[PDB]
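Enquirer: Can you look at this? It's an experimental structure, sequence on top.
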Amino acid sequence: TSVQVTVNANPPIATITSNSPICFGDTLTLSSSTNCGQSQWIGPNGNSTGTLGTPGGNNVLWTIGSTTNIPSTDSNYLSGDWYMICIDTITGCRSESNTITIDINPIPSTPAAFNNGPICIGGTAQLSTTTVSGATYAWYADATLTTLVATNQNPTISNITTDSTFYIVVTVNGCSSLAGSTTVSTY
Amino acid sequence: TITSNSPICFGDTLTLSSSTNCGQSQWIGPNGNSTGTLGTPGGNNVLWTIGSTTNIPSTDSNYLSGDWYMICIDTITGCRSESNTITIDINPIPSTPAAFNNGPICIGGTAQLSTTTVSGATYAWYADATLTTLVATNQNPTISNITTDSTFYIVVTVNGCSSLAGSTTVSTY
């Protein structure tokens, strides 16, 4: 007598892509092209069963289908090296994936901004702010930032005849902070 | 052996080409090698073609920067073979720059035009809207003898890719 043994094959290695250039607060998408059943995601929090528990529901790291979505309020919304495991729900076979580096960029703070002292009607004012490495600067006249006045670090605005305010946006590595502000008084 | 037109400005077409003379050509890009993409062997599947070359237009979902590799498929025997890895760079088009003027200027005076400093950029300021007449390549040039209202157009080219021209207006008191 002799016994035969069926051996189940593993699913293929998954190719993972992601929207890796993320400004903090937005949603992180992790996606395989493959068509595997049970999808297990491993992030910077590790592969501990204290996190990877329930296989479905609202567990962002365990889903049905080959893609997931980590919102900015989730405790797995973390920069670092991510890897996916495909689980065959019929045979129990499992397979790995390529490592993905994901960068969630901080939002810079609202910058301080400064004025000159009070200025005579029709005069000019230099506006100024903090130097920030990697930053692009924009100074706006409108509170809703639709009207731009300058992109200089510390621009001079001419012909100020009445009390006027300016709004400042500092964008670092693609992420824009909430605008700060200045006020030019008129003597 | 795969070659490609790897220095691409976004919007143009990406050519991936083998010298070899194999039959069924399978391309693997940054989207992976998943059968959810690599499906139909012909038709309009840009990653599966007949012949040893393909063309990925700028509207395709495989128009991606990254490491590409080709597989040659023998349509008679089923035998398959690999290829050298190709790094392909599709450069973004910079945005249209903001540009600024001085206040209104007296007839025959001069005006300094200015814009944003962009790393890796080459600057060109033009007098004509169609950009055929160039005035300066300075970051913030001064244009003399302005006697009437006149506009300028600005092109910022980064790593070889030119954005759509921005503009300024010099008013005359």
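Expert: Arrived safely, thanks for sending. Residues are numbered from 1 along each chain as shown, chains lettered A, B, ... in the order given.
Enquirer: got the contact list for residue A:106?
Expert: Shown in contact with residue A:106 (CB atoms under 8 Å, 6 or more residues apart in numbering or on different chains): A:24, A:175. Where C-beta positions appear, they are placed from N, C-alpha and C, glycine not excepted.
Enquirer: same question, residue A:181
Expert: Per CB under 8 Å, 6+ apart, neighbours of residue A:181: A:113, A:165-168.
Enquirer: Does it belong to a helix, a strand or coil?
Expert: Put simply, residue A:181 is strand when judged by DSSP: H, G, I helix; E, B strand; the rest coil.
Enquirer: Across the sheet, point out what pairs with it.
Expert: Note on residue A:181: beta-bridge partners residue A:167, judged by DSSP bridges.
Enquirer: just to revisit the earlier point, quick one: which of the contacts of residue A:181 is nearest to residue A:9?
Expert: Of all those, residue A:9 sits closest to residue A:168, with 59.5 Å by CB to CB.
Enquirer: burial count for the closest one?
Expert: Per other CB atoms under 10 Å in any protein chain shown, the neighbour tally for residue A:168 reads 23.
Enquirer: Is there a neighbour count for the residue in chain A that chain B sits nearest to? I'd like the number.
Expert: Minimum separation of chain A from chain B (CB to the nearest CB) falls at residue A:15, amounting to 2.3 Å. Neighbourhood size, residue A:15 [other CB under 10 Å]: 21.
Enquirer: likewise the one 4 residues further on?
Expert: Here the count is done by other CB under 10 Å, and residue A:19 has 12 residues near it.
Enquirer: wait, doesn't it sit right on residue A:29?
Expert: Yes. Look at residue A:19 against residue A:29 with CB atoms under 8 Å: they come within range, at 4.9 Å.
Enquirer: Report the contact partners of the residue of chain A closest to chain B.
Expert: Going by CB under 8 Å, 6+ apart, residue A:15 touches A:32-34, A:97-98, B:31-34.
Enquirer: just residue A:33 next, same as before
Expert: Listed by CB under 8 Å, 6+ apart, the contact partners of residue A:33 are A:14-15, A:17, A:66, B:31-34, B:36-37.
Enquirer: again, but for residue A:55
Expert: Going by CB under 8 Å, 6+ apart, residue A:55 touches A:38, A:62.
Enquirer: helix, strand or coil for it?
Expert: Strictly by three-state DSSP, residue A:55 counts as coil.
Enquirer: Give the closest residue to residue A:85 in space, chain neighbours not counted.
Expert: Excluding the flanking residues, the one nearest residue A:85 by CB to CB, 6 or more residues apart in numbering or on different chains is residue A:40, at 4.2 Å.
Enquirer: and what of residue A:71?
Expert: Closest residue to residue A:71 apart from its sequence neighbours, by CB to CB, 6+ apart: residue A:27 at 5.4 Å.
Enquirer: With residue A:22 instead?
Expert: residue A:104 (4.7 Å).
Enquirer: Just the element for that neighbour, please.
Expert: strand A:100-105 (DSSP states H and E).
Enquirer: That strand pairs with which strands, and in what direction?
Expert: Sheet pairing of strand A:100-105 (DSSP bridges) gives strand A:21-23 (parallel), strand A:80-87 (antiparallel).
Enquirer: Contacts for the shortest one next, please.
Expert: Contact with strand A:21-23 is made by A:28, A:102-105, A:107, A:174-175, as judged by CB under 8 Å, 6+ apart.
Enquirer: Buried ones in that strand, by neighbour count?
Expert: By neighbour count with 16 or more other CB atoms under 10 Å in any protein chain shown, strand A:21-23 contains the buried residues A:22-23.
Enquirer: check whether the helix or strand following that strand contacts chain B.
Expert: Going down the chain from strand A:21-23, the next helix or strand is strand A:28-32, by DSSP H and E. Yes. Judged by CB under 8 Å from any CB of the partner chain, strand A:28-32 and chain B are in contact via residue A:32.
Enquirer: what sits against residue A:66?
Expert: Neighbouring residues of residue A:66 by CB under 8 Å, 6+ apart: A:14, A:31-36, A:39, A:86.
Enquirer: residues from chain A in reach of chain B?
Expert: Residues of chain A found near chain B (CB under 8 Å from any CB) are A:14-17, A:32-35, A:136, A:148, A:150-151, A:158-159.
Enquirer: Mind giving me the ChimeraX select for the residues you listed, buried ones only?
Expert: ChimeraX command restricting these to the buried ones, with burial defined by 16+ other CB under 10 Å:
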select /A:14,15,16,17,32,33,34,136,150,151
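Enquirer: There's contact between residue A:67 and residue A:28 in this structure, I believe.
Expert: No. Here residue A:67 does not reach residue A:28: they are 11.3 Å apart, not a contact under CB under 8 Å.
Enquirer: Between the two, tell me which one has more neighbours.
Expert: The residue with more neighbours, out of residue A:67 and residue A:28, is residue A:28; 23 against 16, by other CB under 10 Å.
Enquirer: Look up the residues forming beta bridges with the more buried one.
Expert: residue A:70.
Enquirer: Now do the same contact list for it.
Expert: For residue A:28, the contact set (CB under 8 Å, 6+ apart) comprises A:18-19, A:22, A:69-72, A:77, A:102, A:104.
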